[PDB]
*Asks:* 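Dumping the structure here so I can ask a few things about it.
Counting starts at 1 for both ligands and their atoms, following the listed order. This chain uses plain numbering: 1 for the first residue, then up along the sequence. Excluded from the calculations below are hydrogen atoms, water molecules and symmetry mates; all remaining heavy atoms, backbone and side chain alike, are included.
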Amino acid sequence: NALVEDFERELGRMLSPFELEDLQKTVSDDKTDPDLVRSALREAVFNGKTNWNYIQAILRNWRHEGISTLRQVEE
Ligand SMILES: [Zn+2]
Ligand SMILES: [Zn+2]
Ligand SMILES: [Zn+2]
Ligand SMILES: [Zn+2]
């Protein structure tokens with residue numbers, strides 16, 4: 001999974017089952033574009049804050065504003 005692979009490379013560690021499951025959920029259940037997830041990861045990297053919770057806070061701030069696809073944030 002390229003996305004998981006992005007996460008593990010930046011995090012420098014494997015995702016836990018819970019994180020793997022959280023990612024599945026956000027993408028399928030919550031219908032979040034994987035490229036939107038990846039751009040939250042990008043933004044955490046660009047901030048020098050590559051940690052799970054920080055990436056999720058970026059995604060939550062975007063979800064609050066009704067943003068679930070990368071086009072909505074701008075491709
Ligand atoms: Zn990648
Ligand atoms: Zn969780
Ligand atoms: Zn959910
Ligand atoms: Zn993609």
Side-chain angles (χ1 to χ4, degrees):
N1 181 304
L3 188 65
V4 164
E5 153 192 309
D6 286 342
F7 270 80
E8 290 181 331
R9 174 194 69 241
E10 297 307 336
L11 288 180
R13 65 187 182 64
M14 282 176 41
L15 301 191
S16 89
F18 288 105
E19 295 172 336
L20 280 157
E21 136 229 273
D22 264 353
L23 238 45
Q24 281 154 196
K25 274 138 74 10
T26 74
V27 164
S28 327
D29 297 14
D30 301 348
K31 315 303 179 205
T32 309
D33 185 0
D35 298 277
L36 184 70
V37 182
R38 168 174 297 109
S39 71
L41 173 63
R42 187 174 91 125
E43 179 58 51
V45 176
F46 280 5
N47 267 328
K49 312 235 68 259
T50 316
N51 69 247
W52 179 262
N53 296 358
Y54 191 94
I55 297 159
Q56 302 299 133
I58 302 166
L59 288 167
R60 280 196 307 269
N61 169 260
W62 289 340
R63 186 198 211 281
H64 278 350
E65 304 157 356
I67 304 164
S68 67
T69 74
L70 208 243
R71 193 179 291 164
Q72 286 167 341
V73 157
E74 194 217 338
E75 196 105 34

*Asks:* Between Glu19 and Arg13, does any NZ, NE, NH1 or NH2 come within less than 4.0 Å of an OD or OE carboxylate oxygen?
*Replies:*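 Between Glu19 and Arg13 there is a salt bridge, with a charged N closer than 4.0 Å to a carboxylate O.
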*Asks:* Counting distance only, does the side-chain N/O of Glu8 pair as donor-acceptor with the main-chain N or O of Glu5 below 3.5 Å?
*Replies:*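 Not a single qualifying donor-acceptor pair exists.
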*Asks:* Can you check whether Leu3's main-chain N or O pairs, donor with acceptor, with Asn1's side chain at less than 3.5 Å?
*Replies:*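 Checked: pair present.
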*Asks:* Closest N/O/S atom of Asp35 to the Zn ion (ligand 4), by atom name?
*Replies:*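 It is OD1, the N, O or S atom of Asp35 closest to the Zn ion (ligand 4).
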*Asks:* Just wondering, is there an N, O or S atom on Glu5 that's nearer than 2.8 Å to the Zn ion (ligand 1)?
*Replies:*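 No, since none of the N, O or S atoms of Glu5 sits under 2.8 Å from the Zn ion (ligand 1).
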*Asks:* Determine whether more than 12 heavy atoms belonging to other residues, nucleotides or ligands lie under 6.0 Å from atom CZ of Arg38.
*Replies:*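 Yes.
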*Asks:* Do you know which N/O/S atom name in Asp22 is closest to the Zn ion (ligand 2)?
*Replies:*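 Per the distance ranking, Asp22 contributes OD2 as its closest N/O/S atom to the Zn ion (ligand 2).
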